[PDB]
Each structure stands twice: as structure tokens, then as C-alpha cells.
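K.L.:
Got a structure for you, written out below as C-alpha cells; questions coming shortly.
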Amino acid sequence: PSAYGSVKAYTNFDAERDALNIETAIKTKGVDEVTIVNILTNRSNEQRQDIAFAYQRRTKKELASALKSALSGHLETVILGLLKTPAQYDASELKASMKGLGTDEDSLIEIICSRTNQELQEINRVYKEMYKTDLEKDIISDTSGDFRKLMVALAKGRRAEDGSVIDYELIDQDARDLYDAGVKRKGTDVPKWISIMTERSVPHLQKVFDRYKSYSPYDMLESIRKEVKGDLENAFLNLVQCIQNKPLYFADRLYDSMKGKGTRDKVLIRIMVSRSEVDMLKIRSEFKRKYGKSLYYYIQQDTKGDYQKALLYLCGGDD
Ligand SMILES: [Ca+2]
Ligand SMILES: [Ca+2]
Ligand SMILES: [Ca+2]
Ligand SMILES: [Ca+2]
Ligand SMILES: [Ca+2]
């Protein structure tokens with residue numbers, strides 16, 4: 001399990017009954033949107049799985065397929081998202097970010113840099129089973145240059161696992177290499193960075209990055225913005241953020257999605273769904289710490305409707 005996320009497993013749970021009340025809410029005219037939301041966002045994900053089981057074995061029509069028709073707009077996006085299992089959701093968002101070589105580079109980057117070894121493996125599996133083709137191929141297909149190399153590497157999900165002894169020598173050797181390969185040099189040995197940052201264990205890389213500051217006048221992030229540019233730079237930046245502080249990373253991503261004119265709902269929804277039973281609690285705390293007001297608050301301000309309520313239940317608290 002994971003004790004660090006909002007939207008905990010609903011106690012008292014009755015799958016059979018819930019599926020009834022959802023039908024009811026659908027069967028109603030205008031849809032009791034309100035109920036559907038009030039239910040599905042206060043149930044854990046597996047709980048939703050046996051509700052879709054129960055709703056199919058009680059009507060002979062698949063719940064997701066039913067709600068697609070029952071709903072519209074960003075609310076649909078949300079709920080439809082929640083019904084998928086974690087791996088399926090990730091897989092689907094991934095595929096949809098590549099639908100054409102007019103790819104949505106940003107969304108790809110996010111899911112890849114943030115997702116862990118286990119998560120990644122399960123995704124690769126589900127992706128192949130879902131779309132009859134390898135995720136690695138689809139990545140290669142829609143990316144180019146160094147960027148491709150990076151994303152592939154990352155998506156293999158073969159990060160060295162958390163070695164339980166601390167390699168103080170290596171940490172130094174790596175930091176050095178990153179410096180030598182980047183800032184110290186004219187131009188940049190990109191494949192080194194890709195190598196070190198993809199392969200090493202995360203708690204190793206955290207320490208590498210803090211050591212790096214002993215050789216370089218700019219921290220790892222600043223070094224990235226200087227030494228490289230483009231979609232590669234964007235990736236590196238995201239990656240580093242995920243290693244140093246992932247809750248914070250997601251917090252910032254959430255902020256950017258609302259701060260300005262209108263809203264980047266595609267991102268906001270994805271994050272709220274995906275991280276609801278993972279690190280949402282840590283995210284909210286980091287967010288509040290940095291931005292002064294709650295996440296709840298920005299979400300409240302930037303979105304409205306039944307939809308807004310869904311998002312709040314997913315945030316799951318006021319802070
Ligand atoms: Ca209505
Ligand atoms: Ca629809
Ligand atoms: Ca594009
Ligand atoms: Ca340089
Ligand atoms: Ca806004």
C-alpha cells in the first residue's frame with residue numbers, strides 16, 4: 001500500500017450497492033452527476049474495479065462505456081480516467097500523447113520521468129497488451145535525436161534499485177563526470193548525462209546532485225538550462241525534479257497548470273488522478289509550503305461545477 005495519499009480505501013464498502021446507485025444516477029434524467037462523483041472519488045481504485053465488475057454483472061453493459069455516454073466535458077475526462085487501473089491510465093495517457101508525430105512531448109516526459117521501476121514495468125506490459133505493440137517502439141517512432149535516446153533509456157524501467165550501502169566514492173566520481181561532461185567543457189557530452197541519470201539509484205543521484213555543487217558554480221538544474229536546450233532540456237529538468245523531490249515537482253506542475261489564463265486541464269486532471277493514492281498528501285503539504293495558500297484553493301478558483309467537486313474530493317482535504 002501507500003500511506004502518503006488522499007482518497008483512502010472506503011470503509012463499510014459495498015460494491016454491489018454502489019453499482020446500483022450509479023446505475024440509478026445514470027438511469028435518472030439529467031444524470032445525478034453529483035452522486036456519481038460523490039461515490040467514485042471516495043472509493044479506492046481497486047474498489048472501483050469491483051464496482052465495474054458489479055455493474056457489468058448487473059446490466060450487461062460496461063461501466064466505462066456507459067459513463068462515456070452519460071457524461072461530457074472535463075468531468076467525463078476525470079471519471080473515465082479514474083476507472084482505469086493505474087497502469088492502464090498511464091498507458092493510455094502515454095499513447096494519446098503520441099497519437100501523431102505532432103506528439104505532446106510534455107505529457108510524455110512527465111509520465112516517464114516520474115514513474116518508478118515497478119510502475120514502469122507494469123506499464124510496458126499493459127501497453128503491449130492494450131495496443132498490440134511495444135511502448136519502446138512507439139517512443140522510438142515519435143522521438144528523435146538525443147531526446148529519443150533519453151526517453152527510451154528511462155522507459156526501460158531498469159534503474160539500479162536502491163543499493164542499501166552508500167557509495168561515497170562513486171557519488172564523487174559521478175558528480176565530477178557530470179561537471180566535466182557539462183559546464184566545464186565547451187559543448188556537452190550528452191550521452192554521459194543520459195547514462196548516469198538513467199542508470200544510478202535515486203538516493204544515489206540525490207547525493208550526487210548535492211555533491212555536484214562542490215565542483216560547479218551552478219546547481220544541477222541551472223547547469224541543465226545552460227548546457228542543453230529544447231525538448232532534451234525540458235526532459236532533463238523534469239527528470240532532475242523527480243529525483244530531488246517528486247512531491248514538489250508535482251506540486252509545481254499543478255501550479256503551472258492553473259496560474260495563468262484559463263487552465264491546462266489535461267495536466268491537472270492527470271496529476272490529480274494518478275497521484276491520488278500515491279503522494280498526494282506530500283504534494284499538498286509541499287504546495288502549501290511554497291505557495292502560501294492550499295492546493296484545494298487554487299483548484300477551487302480555477303475550476304467550477306460538479307467537476308470542481310470531483311477534483312476537490314481527489315485533493316481530499318482543505319489544508
Ligand atoms: Ca444535470
Ligand atoms: Ca461524452
Ligand atoms: Ca508538438
Ligand atoms: Ca559546455
Ligand atoms: Ca487559471
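Going through the C-alpha cells in order, the chains are called A, B, and so on, while each chain numbers its residues from 1 and the ligands are numbered from 1 in the order shown.
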How would you write, as an NGL selection string, the set of residues in region 117-303 of chain A that DSSP gives as alpha helix (DSSP H)?

P.N.:
:A and (117-131 or 135-142 or 145-155 or 168-181 or 190-199 or 202-212 or 220-227 or 230-244 or 246-256 or 265-274 or 280-291 or 295-302)

K.L.:
Dump as CSV the rows for residues of chain A within 9 Å of ligand 2: closest atom pair and distance in Å with one decimal, only C-alpha atoms and all ligand atoms counted, ordered by chain and rising residue number.

P.N.:
residue,atom,partner,partner_atom_place_in_ligand_line,distance
A:67,CA,ligand 2,1 (Ca),7.8
A:68,CA,ligand 2,1 (Ca),4.8
A:69,CA,ligand 2,1 (Ca),5.0
A:70,CA,ligand 2,1 (Ca),6.8
A:71,CA,ligand 2,1 (Ca),5.1
A:72,CA,ligand 2,1 (Ca),4.2
A:73,CA,ligand 2,1 (Ca),7.0
A:76,CA,ligand 2,1 (Ca),6.5
A:77,CA,ligand 2,1 (Ca),8.7

K.L.:
10 Å from ligand 4 is the threshold here; counting only C-alpha atoms and all ligand atoms, which polymer residues fall inside it? Answer as a ChimeraX atom specification.

P.N.:
/A:179-189,223,226-228

K.L.:
Please write the residues from the selection above to a file, keeping C-alpha atoms, as a compact mmCIF listing (two decimals), in the first residue's frame.

P.N.:
# COMPACT_ATOMS: atom_id res chain seq x y z
CA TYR A 179 30.65 18.57 -14.34
CA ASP A 180 33.34 17.56 -16.83
CA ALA A 181 30.69 16.46 -19.31
CA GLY A 182 28.68 19.65 -18.99
CA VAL A 183 29.68 23.01 -17.69
CA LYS A 184 33.45 22.69 -17.54
CA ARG A 185 33.51 21.69 -21.18
CA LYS A 186 32.70 23.56 -24.41
CA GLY A 187 29.58 21.85 -25.72
CA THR A 188 28.25 18.78 -23.91
CA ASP A 189 28.80 15.05 -23.63
CA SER A 223 23.55 23.55 -15.42
CA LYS A 226 22.82 26.30 -19.70
CA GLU A 227 24.37 23.23 -21.27
CA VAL A 228 21.41 21.96 -23.35

K.L.:
Quick one: residues within 6 Å of ligand 5, with only C-alpha atoms and all ligand atoms, as an mmCIF file with C-alpha atoms, in the first residue's frame?

P.N.:
data_model
loop_
_atom_site.group_PDB
_atom_site.id
_atom_site.type_symbol
_atom_site.label_atom_id
_atom_site.label_comp_id
_atom_site.auth_asym_id
_atom_site.auth_seq_id
_atom_site.Cartn_x
_atom_site.Cartn_y
_atom_site.Cartn_z
ATOM 1 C CA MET A 258 -3.675 26.927 -13.158
ATOM 2 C CA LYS A 259 -1.685 30.106 -12.512
ATOM 3 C CA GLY A 260 -2.484 31.767 -15.847
ATOM 4 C CA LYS A 261 -5.302 32.459 -18.215
ATOM 5 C CA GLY A 262 -7.670 29.548 -18.147
ATOM 6 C CA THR A 263 -6.485 26.104 -17.225
ATOM 7 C CA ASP A 302 -9.542 27.781 -11.390
#

K.L.:
Excluding region 204-218 of chain A and any residue of its chain fewer than 4 positions from it, enumerate the residues within 8 Å of it, using only C-alpha atoms, and give them as a list in words.

P.N.:
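My list of contacting residues is residues 162, 166, 167, 171, 172, 174, 175, 176, 178, 179, 183, 197, 200, 222, 223, 243 and 244 of chain A.
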
K.L.:
Write a file of the selected residues as a PDB file, in the first residue's frame, keeping C-alpha atoms.

P.N.:
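again_24.pdb was written with the following content:
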ATOM      1  CA  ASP A 162      18.114   1.393  -4.070  1.00  0.00           C
ATOM      2  CA  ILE A 166      26.109   4.396   0.420  1.00  0.00           C
ATOM      3  CA  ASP A 167      28.862   4.688  -2.206  1.00  0.00           C
ATOM      4  CA  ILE A 171      28.964   9.779  -5.688  1.00  0.00           C
ATOM      5  CA  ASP A 172      32.046  11.978  -6.068  1.00  0.00           C
ATOM      6  CA  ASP A 174      29.739  10.847 -10.834  1.00  0.00           C
ATOM      7  CA  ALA A 175      29.432  14.447  -9.793  1.00  0.00           C
ATOM      8  CA  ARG A 176      32.852  15.071 -11.335  1.00  0.00           C
ATOM      9  CA  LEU A 178      28.645  15.437 -14.787  1.00  0.00           C
ATOM     10  CA  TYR A 179      30.651  18.570 -14.344  1.00  0.00           C
ATOM     11  CA  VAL A 183      29.680  23.013 -17.694  1.00  0.00           C
ATOM     12  CA  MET A 197      20.997   9.910 -14.614  1.00  0.00           C
ATOM     13  CA  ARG A 200      22.075   5.218 -10.940  1.00  0.00           C
ATOM     14  CA  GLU A 222      20.856  25.616 -13.780  1.00  0.00           C
ATOM     15  CA  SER A 223      23.551  23.548 -15.420  1.00  0.00           C
ATOM     16  CA  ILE A 243      14.789  12.703  -8.356  1.00  0.00           C
ATOM     17  CA  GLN A 244      15.289  15.568  -5.924  1.00  0.00           C
TER      18      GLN A 244
END

K.L.:
Neighbours of ligand 3 at 6 Å or closer, counting only C-alpha atoms and all ligand atoms: which residues, as an MDAnalysis selection string?

P.N.:
chainID A and resid 102:104

K.L.:
Can I get the selected residues back with N, CA, C and O atoms, as a PDB file, in the first residue's frame?

P.N.:
ATOM      1  N   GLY A 102       2.961  14.871 -34.290  1.00  0.00           N
ATOM      2  CA  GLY A 102       2.608  16.074 -33.548  1.00  0.00           C
ATOM      3  C   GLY A 102       2.276  15.442 -32.212  1.00  0.00           C
ATOM      4  O   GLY A 102       1.112  15.115 -31.931  1.00  0.00           O
ATOM      5  N   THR A 103       3.326  15.221 -31.414  1.00  0.00           N
ATOM      6  CA  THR A 103       3.215  14.499 -30.166  1.00  0.00           C
ATOM      7  C   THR A 103       3.186  15.582 -29.140  1.00  0.00           C
ATOM      8  O   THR A 103       3.649  16.704 -29.383  1.00  0.00           O
ATOM      9  N   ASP A 104       2.654  15.206 -27.983  1.00  0.00           N
ATOM     10  CA  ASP A 104       2.515  16.091 -26.842  1.00  0.00           C
ATOM     11  C   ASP A 104       3.665  15.835 -25.869  1.00  0.00           C
ATOM     12  O   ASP A 104       3.473  15.366 -24.746  1.00  0.00           O
TER      13      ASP A 104
END

K.L.:
Please tabulate, as a tab-separated table, the residues of chain A that come within 7 Å of ligand 1, each with its closest pair of atoms and the distance in Å to one decimal, counting only C-alpha atoms and all ligand atoms and ordering rows by chain, then residue number upward.

P.N.:
residue	atom	partner	partner_atom_place_in_ligand_line	distance
A:30	CA	ligand 1	1 (Ca)	4.0
A:31	CA	ligand 1	1 (Ca)	5.3
A:32	CA	ligand 1	1 (Ca)	6.3
A:33	CA	ligand 1	1 (Ca)	6.3

K.L.:
Any chance you can output those residues with N, CA, C and O atoms as a compact mmCIF listing (two decimals), in the first residue's frame?

P.N.:
# COMPACT_ATOMS: atom_id res chain seq x y z
N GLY A 30 -31.01 13.87 -16.81
CA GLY A 30 -30.04 14.92 -16.43
C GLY A 30 -28.78 14.37 -15.78
O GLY A 30 -27.76 15.07 -15.74
N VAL A 31 -28.87 13.12 -15.31
CA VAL A 31 -27.82 12.41 -14.62
C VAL A 31 -27.70 13.02 -13.23
O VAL A 31 -27.67 14.25 -13.08
N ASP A 32 -27.65 12.18 -12.19
CA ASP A 32 -27.34 12.67 -10.86
C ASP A 32 -25.83 12.67 -10.81
O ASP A 32 -25.19 11.88 -10.10
N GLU A 33 -25.27 13.56 -11.62
CA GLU A 33 -23.84 13.71 -11.81
C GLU A 33 -23.28 13.68 -10.41
O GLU A 33 -22.46 12.86 -10.08

K.L.:
Name the closest residue to residue 177 (chain A) among the candidates A:290, A:137, A:270, A:192; distances are taken between atoms, counting only C-alpha atoms.

P.N.:
A:192

K.L.:
Give me the residues within 12 Å of residue 92 (chain A) as a list in words, counting only C-alpha atoms and dropping any in the same chain fewer than 2 places off.

P.N.:
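Selected residues are residues 80, 81, 84, 85, 86, 87, 88, 89, 90, 94, 95, 96, 97, 98, 99, 107, 108, 111, 123, 124, 126, 127, 128, 129, 130, 131, 135 and 270 of chain A.
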
K.L.:
May I have the selected residues written with C-alpha atoms, as a PDB file, in the first residue's frame?

P.N.:
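Output contents, as saved in result-v5.pdb:
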ATOM      1  CA  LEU A  80     -13.203   7.896 -17.215  1.00  0.00           C
ATOM      2  CA  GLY A  81      -9.605   8.372 -16.084  1.00  0.00           C
ATOM      3  CA  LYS A  84      -8.799   2.647 -15.295  1.00  0.00           C
ATOM      4  CA  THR A  85      -6.242   0.824 -13.221  1.00  0.00           C
ATOM      5  CA  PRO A  86      -3.066   2.822 -12.578  1.00  0.00           C
ATOM      6  CA  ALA A  87      -1.086   1.084 -15.280  1.00  0.00           C
ATOM      7  CA  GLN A  88      -3.892   1.323 -17.814  1.00  0.00           C
ATOM      8  CA  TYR A  89      -4.349   5.019 -17.171  1.00  0.00           C
ATOM      9  CA  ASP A  90      -0.657   5.723 -17.597  1.00  0.00           C
ATOM     10  CA  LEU A  94       1.073   7.793 -22.975  1.00  0.00           C
ATOM     11  CA  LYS A  95      -0.391   6.524 -26.224  1.00  0.00           C
ATOM     12  CA  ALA A  96      -2.601   9.583 -26.505  1.00  0.00           C
ATOM     13  CA  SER A  97       0.440  11.864 -26.198  1.00  0.00           C
ATOM     14  CA  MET A  98       1.933  10.213 -29.262  1.00  0.00           C
ATOM     15  CA  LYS A  99      -1.238   9.825 -31.430  1.00  0.00           C
ATOM     16  CA  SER A 107       2.922  14.795 -21.194  1.00  0.00           C
ATOM     17  CA  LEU A 108       5.255  12.016 -22.321  1.00  0.00           C
ATOM     18  CA  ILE A 111       4.904  10.208 -17.010  1.00  0.00           C
ATOM     19  CA  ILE A 123       3.078  -0.017 -17.803  1.00  0.00           C
ATOM     20  CA  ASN A 124       5.197  -1.566 -20.562  1.00  0.00           C
ATOM     21  CA  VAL A 126      -0.169  -3.256 -20.146  1.00  0.00           C
ATOM     22  CA  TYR A 127       0.740  -1.019 -23.088  1.00  0.00           C
ATOM     23  CA  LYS A 128       1.732  -4.024 -25.237  1.00  0.00           C
ATOM     24  CA  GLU A 129      -1.368  -5.887 -24.287  1.00  0.00           C
ATOM     25  CA  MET A 130      -3.550  -2.781 -24.859  1.00  0.00           C
ATOM     26  CA  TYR A 131      -2.244  -1.608 -28.228  1.00  0.00           C
ATOM     27  CA  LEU A 135       5.886   1.057 -25.977  1.00  0.00           C
ATOM     28  CA  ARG A 270      -3.925  13.577 -14.939  1.00  0.00           C
TER      29      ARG A 270
END

K.L.:
Excluding residue 289 (chain A) and its own-chain neighbours fewer than 6 positions away, which residues fall within 12 Å of it when counting only C-alpha atoms? Please give them as a list in words.

P.N.:
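In the requested format, the answer is residues 247, 248, 251, 252, 282, 283, 295 and 319 of chain A.
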
K.L.:
What does the file look like for those residues with C-alpha atoms, as a PDB file, in the first residue's frame?

P.N.:
ATOM      1  CA  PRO A 247       6.036  15.609  -4.463  1.00  0.00           C
ATOM      2  CA  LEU A 248       7.369  19.120  -5.011  1.00  0.00           C
ATOM      3  CA  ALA A 251       3.165  20.495  -6.805  1.00  0.00           C
ATOM      4  CA  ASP A 252       4.850  22.905  -9.226  1.00  0.00           C
ATOM      5  CA  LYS A 282       3.063  15.169   0.485  1.00  0.00           C
ATOM      6  CA  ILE A 283       2.161  17.142  -2.633  1.00  0.00           C
ATOM      7  CA  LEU A 295      -3.934  23.408  -3.426  1.00  0.00           C
ATOM      8  CA  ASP A 319      -5.093  22.148   4.330  1.00  0.00           C
TER       9      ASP A 319
END
